[PDB]
Each structure stands twice: as C-alpha cells, then as structure tokens.
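2 protein chains.
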Amino acid sequence: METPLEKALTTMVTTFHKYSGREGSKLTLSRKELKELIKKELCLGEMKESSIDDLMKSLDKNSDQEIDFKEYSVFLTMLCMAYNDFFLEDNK
Amino acid sequence: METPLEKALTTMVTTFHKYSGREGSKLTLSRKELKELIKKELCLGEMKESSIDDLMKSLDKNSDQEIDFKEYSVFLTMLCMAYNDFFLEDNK
Ligand SMILES: [Ca+2]
Ligand SMILES: [Ca+2]
Ligand SMILES: [Ca+2]
Ligand SMILES: [Ca+2]
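Below you can see the structure in the form of structure tokens.
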C-alpha cells in the first residue's frame with residue numbers, strides 16, 4: 001500500500017527517468033531532454049524557447065548542459081512553491 | 001489544461017498547506033506538522049518516531065524546528081531520489 005503522494009513522487013520519477021533516457025546519460029536530462037520534457041510537462045503557453053533555455057541555465061549547477069537529479073530538484077522546488085503561491089491567491 | 005505532474009505538484013501543495021497550516025506558522029511544518037505529514041504521505045512502516053526525529057533534524061537546516069518550503073524541498077528531493085533508486089532495480 002502506497003499513497004497518492006508516493007504515486008505523485010513515482011510520476012516525478014516516471015517523467016524524469018523516461019525523458020532522461022532520450023539522450024546523454026539515462027540519469028540526466030540534457031538541455032534537449034529537459035526542453036523536450038518541459039514542453040510536455042508544463043502546458044501553460046509561456047514555455048517558450050528562451051523561457052526554457054534561461055530556466056535551464058538556472059536549473060543546472062555547472063553549465064554541463066546535463067541535468068542530474070539534484071539539479072532537477074531545483075525545478076521541482078520552484079514548481080511546488082509556484083502552485084502554493086497560486087493557491088494563496090485562489091482559495092482566499 | 002494542466003498535466004498529471006502539475007496535479008501531482010497540486011497534491012503536494014494540498015497535503016503541504018493542510019499540514020503546514022496545522023501548527024506554529026502556516027507555511028512551515030513544525031516537528032509535529034511534519035511527523036503528521038510524513039506518517040500521512042509515506043505508507044512504508046519504517047516512518048517511525050526516531051527515524052522521523054532524525055529526518056526532521058536532517059531536513060531542518062536552521063534548527064528552528066519548523067520546515068519552511070525550501071527546507072521541505074529537501075524531503076521531496078530524498079524521496080524522488082529514493083523512488084528512482086527503487087525504479088533502477090526494475091526498469092534497470
Ligand atoms: Ca539523458
Ligand atoms: Ca548539470
Ligand atoms: Ca506550521
Ligand atoms: Ca527549519
């Protein structure tokens with residue numbers, strides 16, 4: 001038995017490991033694998049090419065242009081804060 | 001239109017603001033709000049009291065004994081790496 005939150009974490013592992021196998025290492029999202037993933041995973045219109053390549057420059061820790069899981073946790077942090085800050089303007 | 005990952009992050013924001021609202025300040029998980037949240041989010045059974053008291057003490061960068069949102073992303077990081085390391089014994 002496993003929660004809808006363990007299934008949420010599993011989905012984050014799913015789109016990560018699945019798209020992380022598009023290129024580079026199978027544990028990294030290259031700047032192409034990440035651009036591929038964001039362009040499917042975040043549907044909200046402004047996921048445009050310079051929005052993603054400047055985001056990428058801030059998600060990455062070293063400019064290797066391969067996103068390791070601890071680089072990728074920066075993405076997950078900002079997105080989980082942004083949906084909270086949305087909820088603070090909607091449920092009020 | 002918003003993805004199953006945005007709905008996974010929404011689930012995380014929903015459990016978060018609910019338990020992060022349940023003691024101390026409302027954007028922050030106290031040693032009790034966290035011990036609640038973990039034992040609600042993780043069905044594992046090794047989410048035991050001293051495992052959680054070390055985990056809390058290991059999450060709490062600042063020793064204030066609430067978990068701010070940027071403390072809480074460290075929990076989500078360890079879990080997204082642990083379910084990947086699970087997935088690496090199956091989808092090898
Ligand atoms: Ca890759
Ligand atoms: Ca990198
Ligand atoms: Ca609190
Ligand atoms: Ca703290």
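Going down the list, the sequences are from chains R and V. Residue 26 in full-length UniProt numbering sits at position 26 of the first sequence; the count goes up by one each step and never skips. Residue 84 in full-length UniProt numbering sits at position 84 of the second sequence; the count goes up by one each step and never skips. C-beta: ideal position from N, C-alpha, C; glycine also.
DSSP places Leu9(V) in the helix class (H, G or I) of the three-state scheme.
Remark: the shortest separation between the CB of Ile67(R) and any heavy atom of ligand 2 falls under 7 Å.
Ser30(R) carries a strand assignment under DSSP once its states are collapsed to helix, strand and coil.
For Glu23(V), the secondary structure class from DSSP, reduced to helix, strand or coil, is coil. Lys57(V) has its CB no nearer than 7 Å to any heavy atom of ligand 4. Setting aside the 5 residues that flank it on each side, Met47(R) is surrounded in the same chain by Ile38, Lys39, each with a C-beta closer than 7 Å to its C-beta; the list follows chain order. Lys35(V) has a beta carbon lying at 8 Å or more from every beta carbon in chain R.
A residue is called buried when at least 16 other Cβ atoms come within 10 angstroms of its Cβ; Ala8(V) meets this threshold and is buried. Judged by their CB atoms, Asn84(V) and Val13(R) are nearer to each other than the 8 Å cut-off.
The residue from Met56(R), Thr3(R), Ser58(R), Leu27(R) with its alpha-carbon nearest to that of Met81(V) is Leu27(R). Collapsing the DSSP output to three states places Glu89(V) in coil. Between the segment 21 to 36 of chain R and the segment 64 to 83 of chain R there are three or more inter-stretch CB-CB distances shorter than 8 Å, so the stretches are counted as touching. In this structure, the alpha-carbon of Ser73(V) lies about 6 Å from that of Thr77(R). Taking the Cβ atoms as the reference, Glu33(V) lies roughly 17 Å from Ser51(V), outside the contact range of under 8 Å. The C-beta separation of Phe75(V) from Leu59(V) comes to about 6 Å, placing the pair in contact by the 8 Å criterion.
Within the same chain, Cβ atoms closer than 6 Å to the Cβ of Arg31(V) are found at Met56, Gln65, the five residues on either side in sequence being excluded. Close to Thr3(V), with beta-carbon spacing below 8 Å, are these residues of chain R in chain order: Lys40, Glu41, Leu42, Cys43. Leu44(R) counts as exposed, since fewer than 16 other C-beta atoms from the protein chains shown sit within 10 angstroms of its C-beta.
At least one heavy atom of ligand 3 lies closer than 7 Å to the C-beta of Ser25(V).
In the structure shown, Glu36(V) falls within a helical segment according to DSSP collapsed to helix, strand and coil.
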